[PDB]
Amino acid sequence: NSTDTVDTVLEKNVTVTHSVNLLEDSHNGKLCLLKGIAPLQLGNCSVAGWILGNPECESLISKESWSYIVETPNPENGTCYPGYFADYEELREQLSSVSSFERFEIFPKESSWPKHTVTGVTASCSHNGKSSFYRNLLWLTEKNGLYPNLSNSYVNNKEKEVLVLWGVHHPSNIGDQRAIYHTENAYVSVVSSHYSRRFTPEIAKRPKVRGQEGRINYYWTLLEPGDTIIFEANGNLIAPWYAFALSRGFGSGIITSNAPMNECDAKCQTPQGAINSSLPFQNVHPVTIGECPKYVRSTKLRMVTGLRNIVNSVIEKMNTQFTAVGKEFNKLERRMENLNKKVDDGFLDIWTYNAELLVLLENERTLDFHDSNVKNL
Amino acid sequence: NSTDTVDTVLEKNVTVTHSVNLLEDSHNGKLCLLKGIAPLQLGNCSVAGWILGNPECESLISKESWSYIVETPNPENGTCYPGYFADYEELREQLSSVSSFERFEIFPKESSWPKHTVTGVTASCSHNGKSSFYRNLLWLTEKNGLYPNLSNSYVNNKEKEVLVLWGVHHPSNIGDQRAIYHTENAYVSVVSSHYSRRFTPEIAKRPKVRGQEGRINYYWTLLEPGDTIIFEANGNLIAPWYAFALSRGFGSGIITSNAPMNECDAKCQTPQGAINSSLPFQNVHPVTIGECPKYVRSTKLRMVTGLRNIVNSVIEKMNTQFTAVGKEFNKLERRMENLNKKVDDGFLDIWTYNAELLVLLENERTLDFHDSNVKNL
Amino acid sequence: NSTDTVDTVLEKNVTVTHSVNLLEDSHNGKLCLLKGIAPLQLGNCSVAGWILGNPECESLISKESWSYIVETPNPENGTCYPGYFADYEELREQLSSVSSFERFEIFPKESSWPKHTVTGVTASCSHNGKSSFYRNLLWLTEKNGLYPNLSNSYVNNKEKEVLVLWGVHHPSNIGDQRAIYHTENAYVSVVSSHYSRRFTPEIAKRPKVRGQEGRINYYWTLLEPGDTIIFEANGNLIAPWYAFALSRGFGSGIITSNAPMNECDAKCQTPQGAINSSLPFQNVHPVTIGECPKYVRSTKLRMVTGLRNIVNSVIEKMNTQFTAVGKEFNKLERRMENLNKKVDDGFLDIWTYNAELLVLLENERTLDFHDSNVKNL
Amino acid sequence: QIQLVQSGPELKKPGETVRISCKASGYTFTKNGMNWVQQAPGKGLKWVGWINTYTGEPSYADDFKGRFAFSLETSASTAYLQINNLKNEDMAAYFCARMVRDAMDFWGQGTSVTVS
Amino acid sequence: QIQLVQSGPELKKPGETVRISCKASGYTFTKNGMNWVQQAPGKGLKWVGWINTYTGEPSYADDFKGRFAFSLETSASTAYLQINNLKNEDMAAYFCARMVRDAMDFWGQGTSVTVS
Amino acid sequence: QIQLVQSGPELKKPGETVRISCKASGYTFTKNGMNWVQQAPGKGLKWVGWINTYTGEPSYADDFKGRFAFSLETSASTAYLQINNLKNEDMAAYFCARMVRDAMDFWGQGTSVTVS
Amino acid sequence: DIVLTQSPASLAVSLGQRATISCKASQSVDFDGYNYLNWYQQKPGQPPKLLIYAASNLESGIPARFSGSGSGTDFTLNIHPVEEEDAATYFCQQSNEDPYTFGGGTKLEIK
Amino acid sequence: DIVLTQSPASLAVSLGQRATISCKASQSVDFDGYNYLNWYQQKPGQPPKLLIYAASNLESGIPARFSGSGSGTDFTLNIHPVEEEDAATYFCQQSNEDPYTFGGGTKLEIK
Amino acid sequence: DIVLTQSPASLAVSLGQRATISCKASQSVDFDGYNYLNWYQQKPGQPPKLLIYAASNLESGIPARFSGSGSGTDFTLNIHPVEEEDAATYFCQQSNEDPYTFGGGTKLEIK
Ligand SMILES: *[C@@H]1O[C@H](CO)[C@@H](O[C@@H]2O[C@H](CO)[C@@H](O)[C@H](O)[C@H]2NC(C)=O)[C@H](O)[C@H]1NC(C)=O
Ligand SMILES: *[C@@H]1O[C@H](CO)[C@@H](O[C@@H]2O[C@H](CO)[C@@H](O)[C@H](O)[C@H]2NC(C)=O)[C@H](O)[C@H]1NC(C)=O
Ligand SMILES: *[C@@H]1O[C@H](CO)[C@@H](O[C@@H]2O[C@H](CO)[C@@H](O)[C@H](O)[C@H]2NC(C)=O)[C@H](O)[C@H]1NC(C)=O
Ligand SMILES: *[C@@H]1O[C@H](CO)[C@@H](O)[C@H](O)[C@H]1NC(C)=O
Ligand SMILES: *[C@@H]1O[C@H](CO)[C@@H](O)[C@H](O)[C@H]1NC(C)=O
Ligand SMILES: *[C@@H]1O[C@H](CO)[C@@H](O)[C@H](O)[C@H]1NC(C)=O
Ligand SMILES: *[C@@H]1O[C@H](CO)[C@@H](O)[C@H](O)[C@H]1NC(C)=O
Ligand SMILES: *[C@@H]1O[C@H](CO)[C@@H](O)[C@H](O)[C@H]1NC(C)=O
Ligand SMILES: *[C@@H]1O[C@H](CO)[C@@H](O)[C@H](O)[C@H]1NC(C)=O
Ligand SMILES: *[C@@H]1O[C@H](CO)[C@@H](O)[C@H](O)[C@H]1NC(C)=O
Ligand SMILES: *[C@@H]1O[C@H](CO)[C@@H](O)[C@H](O)[C@H]1NC(C)=O
Ligand SMILES: *[C@@H]1O[C@H](CO)[C@@H](O)[C@H](O)[C@H]1NC(C)=O
Ligand SMILES: *[C@@H]1O[C@H](CO)[C@@H](O)[C@H](O)[C@H]1NC(C)=O
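Residues numbered from 1 in each chain as written, not as in the entry; some residues may be left out. Chains lettered and ligands numbered in written order. Heavy atoms only, no water.

- Method of determination, as annotated in the archive: cryo-EM, at 3.14 Å resolution.

Pasting the structure below:
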């Protein structure tokens, strides 16, 4: 009859008459839609360039609901002014469950900061040849040759978590600290109900990254509903302009992919392409979004149906989803990166041996129950 | 005969004559004793309110030996003065192996701090209408209008680890810092043989938590036997009064439960209730204390004994105990919280598939070895 | 015939005629060579004493290529001046993949630090009776009664990662801070392209560790190829003398062992001794280096070959290597230490149950396929 | 609703002892302390002391130390004040009051102790 | 190679409107702005304003607000400057230039607008 | 127990060379250095230099540089001091001593070198 | 002992006036920004009644015409508009250090 | 508006001289250590040509005899050796605050 | 070179006196709070004997009547009660900078 073959416990390559292939190994190499809701496509932007509101990532400001976030590997435009990002990899874990925004102003410019000027632009964040700055942050400078102290509160009326973002400037000279902020011993104190931190600038000459020898360290927090955050500074404050009322979702995530964007409909999605199948398992990628087959590190997995010519128990028990690309951890987190890669590769090898042995067990019981009735009849 | 049924690899719901149920699914919904030794019942207290010695948790000061610690979900009285708790979730991992105390005074009041007054009470920690303070800490204030520098050592003569606890006051005004401590640039330096840290207050106006706009950050360390800790401050010190000589045990832990306390005897204990059984597995809760059955996420698991009418290999190999409730990790530890929930739910699904397949394997070998001898005879 | 026995699913201790033992349980208790390349033997030195260049670990300065690193349990000579080591356990994870050095001078003495004296020796690091200091660090002191400010850059021309090491002195008196560095408010600022930190001394009187009441905290970083690091200080700097161009390897690691060093050739290595075998599994130790059998927590594992007288599917899927000794984590990392011991002991019990059940499955199919043909013939 | 009822007025001779009661109701007797305030008509209020109802530990002022002694009966909600023994001084009224927030918000009806 | 060609010279009467063109080529029209510089012979260069080619948002100086108005045609690479309407002042040359690094590096050939 | 025995007294003429020995015993020869102290009777002690026994690297004072040269024999426990060549100055006694804690605790019996 | 001196002795007030009763402590009665000064009202033949606790919060059940303020050692009680039912004696009481100390009293007589 | 004053009006230079053209702004034209001062060269009958951008970097395509420096408000343009083809008018232009402002010009005539 | 001057030249002492031998260095002989000053005793016809190492610790094998103290540049050696067997010459020696330098000596003669 046919030429399909199965593998068994003792013998392999058994020529049989019928088989069901439990592996979907193919995919359309594009980023199709998830149900009808289009994903978020950062393009040449980082996660850090998207929430800080890079001047070259203005086309993503308008989009506030998505199916998943698509980041490109080695993304060029993000954090245009050089500096640290305090708990950047922790914030990507927060934004891997957020399914909706509400980009609003906490401290509205032209009404919120009197006695200061909000026109602070840098040549590292230049947009269309002219120097610009972030779309969600304000660089406060002097007004009438004076930088007085500031104070602003914000009570969370939004009935949701509010992600507040700010930054502290770290200059390169002491003649530049006096020229902008007119004080040499400055501070930033951002307090809340369950948050309190005080920042102090560090004036030092750095290697030139994007042309600047000074740094801006970016910070964040998560306001609770009904809670108050109080900003207070003597200088060196890159002040919050916009923020986000966070709406949490269950099926979402950040994938890293170079696939072209198409207009499809799908049910599953991997960084190599979407999957349209009803088969139980897959070989494409462990990182899936949507209702998807289960990942096994196999190439040949068939269950025999008929005689030879001379599985829900595993799918119910996997229940784990892998999100690791290599962007999840830090320079100074390698004992936790090697622990995450031990756990992820350990569950991908237990559940591959479990799925293969159940096929090997069911193949010998099928071939001898079929060869039971040949001698009854 | 009977109506009990078993499940097998190929077919299910096989009507048989005899069966042994390997699942204990029931429990008396109370917190009975462990062997004869009564647990520690915090009641309306946190872990943080118990070791800091809250004024409303005075009834637990007398108890210094227990079987396990019972915390209620959402516990109201703990940390009565608002503020941080440095490595609070790390200290709960230390106190999950401590089986005995010895609450003693490191620095005995009325003998240990001359030139200072130890009568510092706050209205957030009020007890019986009158304002009070913690039972294990001392708020040092001025004496005769002077706050001089302090210095006190303590050599560990107790032949055991000593958990030292202190705190640093962070006021709300600069007119309040001068009123209590009479200095504006104060410090606290707590050094040891393998510990050294210097603390500096942060004067800022906070949102009102429990009526106060100032904070007290609580710190801790673990003295080794034979070791010396040296306290030194210019101001802002909430000084150690009492401390604990730690006696470590193997079978213990902190459970979170709302169950009523009864006077029983048991051998096992879960947050839903104790277990009196000899069966191998269970369905009640994965968090167990004492010699207990093994947790499987199953509902029906029977091993057939007799013919049909028309397990120590798994128990020896589990050997893992789950302690995760949701109080183990932080706001800024979600990559480790999602990693702990991936490991815990991964081992609860490998060992459920392993325990179910061994029953499925032993059921078909029993039914055909019993149907072997029907044709010999 | 023979007296070897096998175990099966239902019955055990089945007397058979032939068997293959799949467990190598013996080892020559020595540290033999790996292929021909000799290991690194620290002896009475820590990892911290080896890269800081202890005066008593001078015999390891000459060796710059190895197979693996052998540390003794409780190693006495390392960090001779007392103090912290910032991310010491993280640096041991970096040096567990480094297979070659190039010990070179970043800042060459007698040419690199004018207006300072580099002859700073302490009595804790004494070598041959005379007080000395580390071989890879320079304690800069005054010259002509003046300690001026310093500044030195280093551009990475080595086409490899460069591990830079320095330290900050923390004195015990303020009359000792003025005697060495002539300033009371000193700083150290070590900046780079993707690194920036500012250090400030903490003058406090400590318990005497190795005779000193002052501390030196040791720091490190990893320069990228083509990158610049800029040192700048007003005082309290223990300056970099030597550094290491890092060459990364795949098969390496740090083992902890008390075994005598022999001159053998081997293919495998454990902390108890090398392994010369072709068997699939082992019982000796989970920490292996080289091509090795797989660790199972078993004592008896035989596969039957012949009739009774009255495995690559598991080895392909293990693919994990355990490196945990107890030196990997900290005082304040016990939630990650207990998580690493849950993952390591969990995979050692899943893969022991998987390897034993596959032997139990293959033993009953062998004994009845052999007893199939006794009734055909 | 909260109420503190006391005993009736007493008439003693200087040399014997008096015992004043204060029957609390409407709230839990422990979780709230019990002050004792002496109103002498013509002099003003004075603070005798405070008794912890949870602990049982009294705390007196030094002008009221030695003779005045507080007691408890927490089985019911009753606090006691015994003077040992009365002079022709402290012929006054005696209020029992309640600690809520470092204060005395719910007072008693007053026990006029007359010394004849 | 980068080039900005303009329209020819124009001759108007004071009271009607003129429209100047600037055909860019050799580079992407968006990702670079477009200045407009007025050279009056005998007075020197003056900055009329700047138009964002990506956004379309103009920004004028106050001396050129109200009459001068920039426009775009990004389908091709062409920018426009319309004056409404010409006086006998602003009889000048008009250069279109390009923003690269807060500067004007590639200029136009000049459009001599004569008002008669 | 620790002991450092030396050679006997020597009698030379100014122009030839002398060689002094110092046989250590009772301790490991490496892990401890070896000083050389010149006692001239009538002037006081002077420090010739120090030799590392582990390394072999000598270190002299400048008044003893050029003529005085230390040597080792670590196979046994013996250190050597050779002068090349003797003047009628440095007619003195020569002690070999041991470094323990920046000090010279165990000394030799003294080698009286007389220059005639 | 913190001794508190009421001022004035007693004040004459008509209906619609502003009555200001003040007491000044010898030491400071605040700690960590919490003034421990309570204000009491006693009609004759009756127990005193707590009005304002520590040192500006008004107790529930008291009409909002009563308001007090002050910090450190100087505190005032202000009554406006003075209704006729306020014919009582007013005490201030500290709760900072033991023993607790009252004032001298001040009769509010209404014309 | 930042007004910039060229100095001198126009300078007489022979071939081989050092021509120094300077302009001094009224306010400061730097922010965070980036001087926003560009230098332009206009031959008559031609558009101006960018030489030096902000405020010392030389543009590609310009000969290396041009160099400019300065910080804050005072900037100079230095030309040596002066070849004969530099007979043009020189403008300086700020880019700090809107609107952008040019200089007055300076003719470099060669003997 | 750190030159050390003993004081006095030699002292007259009877049995039961307090003998104070002092030496003052030209520079400082301490670094990081460790005084590098050793004290030696030489009987004639014998090698010197280390008594006190750096600068107050007493070596094992030396009687506890010897004690020395001092910091910076000034150090003293104090002997009480002076037994008769202390008829020797006393040297102080620095170990801070190379070369090591001794004192001049001081004879302790007993009456
Ligand atoms: C946005 O990204 C582009 C790259 O896509 C950056 O442009 C580069 O800028 C550097 C100078 O910093 C040049 O050396 C490169 O040649 C530029 N590349 C390209 C293709 O233009 C740009 O600077 C980034 N801008 C922001 C705001 O982040
Ligand atoms: C102990 O816990 C009780 C709650 O059990 C706290 O009492 C609450 O206090 C707040 C004011 O901070 C009131 O708004 C609530 O109405 C109170 N609830 C009850 C039921 O009394 C008390 O403050 C806590 N005390 C300490 C020392 O922690
Ligand atoms: C190197 O290690 C040795 C131990 O191997 C250290 O020597 C010890 O030093 C302490 C004083 O700090 C003495 O109490 C011990 O008796 C010594 N032990 C031995 C066997 O000598 C030595 O100090 C270490 N040196 C360095 C440079 O680290
Ligand atoms: C089955 O066929 C495949 C063909 O690639 C071969 O690699 C494999 O070894 C065969 N297995 C057996 C057991 O015949
Ligand atoms: C990314 O950047 C390159 C170079 O600037 C550009 O050609 C490309 O179109 C950009 N892609 C997106 C998605 O904007
Ligand atoms: C999946 O494939 C089926 C069969 O070819 C097709 O009918 C269906 O439209 C596909 N689904 C999607 C989402 O395109
Ligand atoms: C067995 O009976 C249960 C009754 O709830 C049913 O849900 C299940 O599907 C049955 N299984 C089979 C295979 O008959
Ligand atoms: C917990 O607090 C509530 C409210 O104060 C109280 O009713 C209850 O008795 C408390 N429980 C315990 C265990 O003290
Ligand atoms: C467990 O149950 C058995 C049988 O009912 C009973 O005899 C025994 O007392 C129980 N154990 C406990 C701890 O109550
Ligand atoms: C097999 O023999 C071993 C001998 O040690 C014994 O411990 C084990 O219980 C025996 N097993 C059976 C099932 O006979
Ligand atoms: C380790 O130290 C001990 C004591 O100093 C010594 O005897 C031994 O030889 C040392 N071992 C090595 C490897 O140097
Ligand atoms: C050295 O650094 C300090 C602190 O930065 C500074 O105040 C001082 O002026 C510097 N000295 C020199 C020579 O620059
Ligand atoms: C391993 O054992 C074999 C057989 O005894 C021997 O021939 C071989 O040399 C051994 N290998 C090594 C590395 O010594």
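Now, onward.
**Points about the sheet that holds strand β1 (residues 4-7) of chain I**
All names here are of chain I.
Then, number 1: Taken in spatial order, the four strands line up as β1-β3-β10-β9 in an open sheet, and their pairing is antiparallel. At either margin of the open sheet sits one strand with a lone partner, and together these are β1 and β9 (66-71). Each strand of the sheet is rotated relative to its neighbour by a mean of 15°, with strand direction disregarded.
Then, number 2: Sheet topology places β9 next to strand β10 (residues 74-79); six bridges connect them, and they run antiparallel. What sits directly across from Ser71, in β10, is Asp74. (Pairing = 2+ DSSP bridges. Helix = DSSP H or I, 4+ residues; strand = E, 2+ residues; numbered from the N terminus. Axes fitted to C-alpha atoms, helices over the stretch in contact; angles between N-to-C directions.)

**Comments concerning the interface of chain B and chain D**
Then, number 1: Taken together, the contact between chain B and chain D spans eight residues of the former and 13 residues of the latter.
Then, number 2: Summed over both partners, the interface of chain B with chain D buries about 780 Å², with 44% contributed by carbon and sulfur atoms.
Then, number 3: Contact with chain D buries area across many residues of chain B, yet B:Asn128, B:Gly129 and B:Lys130 alone supply 65% of it, more than any other trio.
Then, number 4: Linking chain B with chain D are one salt bridge, by the criterion used here.
Then, number 5: Note that B:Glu56 is salt-bridged to D:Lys31, the shortest N-O span being 4.0 Å.
Then, number 6: Where chain B meets chain D, there are three residue pairs in polar contact. (Contact = heavy atoms within 4.5 Å. Buried area = accessible area lost by both parts, 1.4 Å probe. Salt bridge = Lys/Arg side-chain N within 4 Å of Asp/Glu carboxyl O. Polar contact = N/O pair within 3.5 Å; in protein donor to acceptor, adjacent residues only side chain to side chain.)

**Considering a negative patch on the surface**
Then, number 1: A surface patch of like charges, here negative, comprises D:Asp62, D:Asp63, G:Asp1 and G:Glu97.
Then, number 2: Classification of G:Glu97 as partly exposed rests on a relative accessible area of 35%. (Patch = residues over 30% accessible without salt bridge, like charges linked within 9 Å, V, L, I, M, F, W, Y side chains within 5 Å. Areas by Shrake-Rupley, 256 points an atom, 1.4 Å probe, with all protein chains shown as cover. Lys, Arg positive; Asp, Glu negative; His and termini not counted. Charge placed at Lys NZ, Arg CZ, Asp CG, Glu CD. Buried < 20%, exposed > 50% of the residue type's maximum accessible area, 1.4 Å probe, protein only.)

**Points about the state of the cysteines**
All names here are of chain A.
Then, number 1: For the structure shown, the criterion picks out 18 disulfides over all chains.
Then, number 2: The residue that forms a disulfide with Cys268 is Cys292, at a sulfur-sulfur distance of 2.0 Å. Because the torsion about its S-S bond is 110°, the bridge between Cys268 and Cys292 counts as right-handed. Linking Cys268 in the loop between β20 (254-256) and β21 (281-282) with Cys292 in the loop between β21 and β22 (294-295), this pair joins segments that are 24 residues apart in sequence. Each member of the pair, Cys268 together with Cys292, is buried. (Disulfide = S-S within 2.5 Å.)

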